[PDB]
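Quick heads-up: it's one chain on its own, the form deposited in one PDB entry, in structure tokens.
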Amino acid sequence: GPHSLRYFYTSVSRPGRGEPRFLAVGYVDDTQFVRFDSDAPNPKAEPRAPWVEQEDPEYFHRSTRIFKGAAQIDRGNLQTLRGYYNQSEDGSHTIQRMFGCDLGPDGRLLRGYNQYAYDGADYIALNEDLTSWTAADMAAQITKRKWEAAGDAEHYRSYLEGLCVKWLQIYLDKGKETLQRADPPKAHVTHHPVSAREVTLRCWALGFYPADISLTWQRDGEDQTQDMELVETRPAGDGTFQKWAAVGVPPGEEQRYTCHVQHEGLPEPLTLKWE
């Protein structure tokens, strides 16, 4: 199916409190597999899933090498950006980088990503041509002129069309019974009396991986999306995900309502009701 490899770089300046701290994490889909913290003593790159632990120690040395690179480059970015926006040396600021690749079902590069934010907002991002940048404003524009002059995109390309797809296929293969063994939700409705006028019917989905799921209520074939309560999908803490959708119905009327669950983990969509 469609799989993704993404890294998430976060560097935060700590005015007064020494040099900026850098944090990196690596994900395949909704599974984290590495981390790095510049503040950890003798700071290495640490495995965070079982299927990476089975790589030669060089795999981790190389990554370590690269995160230290990333940490130091950011230390400089943070200070040049203060310059750019003409900000004092007083406040904490944040630089974020998300990059990686998507593969299509046939296992070839679909899409590549290289985007930056400053203080939570769009700074610069590599367009889909993999050659030009979208800068968010006049500051990022300076970076566009520089990186386009230097021809930096070409080096991200190298990595995209080289290492990125390569290591994704390697992870997908080395973690099949996790990353391609998709967990179906175990679904159940609960019954929460509120008043004489309404019972809350809550459709629970638990133990699903990956996170993506459609949780929907119908009264008499008729979708209640606009009229239903629905939490943002949440991590169980064991690598699986949770979600519920609730509806306030007149008591007696429960059997008018059917909850529906769509997940790639499901051979066929589940329709269930109260009991």
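Residues that one form lacks are left out of the comparison. Under this definition, the rigid core comprises the largest set of C-alpha atoms superposing within 1.5 Å between the forms. Residues carry their position along the shown sequence, with the first being 1.
Chemist: Out of 113-121 and 138-146, which one has CA B-factors that are higher on average in the deposited record?
Modeler: Taking the mean C-alpha B-factor of 113-121 and of 138-146, the larger value falls to 138-146.
Chemist: Would you determine, from the values in the PDB entry, which of 169-177 and 151-159 has the greater average C-alpha temperature factor?
Modeler: Result: 169-177.
Chemist: Based on the entry's values, in what third of the chain does the Cα temperature factor of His3 lie: lowest, middle or highest?
Modeler: For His3, whose C-alpha B-factor we compare with every modelled residue in the chain, the answer is the middle third.
Chemist: Taking the C-alpha B-factors as the PDB entry records them, is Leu130 in the lowest, middle or highest third of its chain?
Modeler: Within its chain, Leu130 is a middle-third residue by C-alpha B-factor, going by the deposited values.
Chemist: Taking the entry's C-alpha B-factors for this chain, is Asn77 in the lowest, middle or highest third?
Modeler: As the PDB entry reports it, the C-alpha B-factor of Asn77 lands in the middle third of its chain.
Chemist: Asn42's Cα B-factor: lowest, middle or highest third of the chain?
Modeler: It falls in the top third of the chain.
Chemist: With respect to C-alpha B-factor, does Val52 fall in the lowest, middle or highest third of the chain as deposited?
Modeler: Within its chain, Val52 is a highest-third residue by C-alpha B-factor, going by the deposited values.
The following text describes the form deposited in another entry, which does not appear among the structures shown.
Chemist: Looking at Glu55, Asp37, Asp212, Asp30, which has a Cα shift of 2 angstroms or more between this form and the one not shown when the rigid core is held fixed?
Modeler: The displaced C-alpha is that of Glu55.
Chemist: Rigid core superposed, CA of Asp106 - does it shift 2 Å or more between this form and the one not shown?
Modeler: Yes, its C-alpha moves 2 Å or more.
Chemist: I need the moving stretches between this form and the one not shown: superpose on the rigid core, then report runs of 3+ consecutive residues where each CA shifts by 2 Å or more, in sequence order.
Modeler: Moving stretches, in sequence order: 50-57, 104-108.
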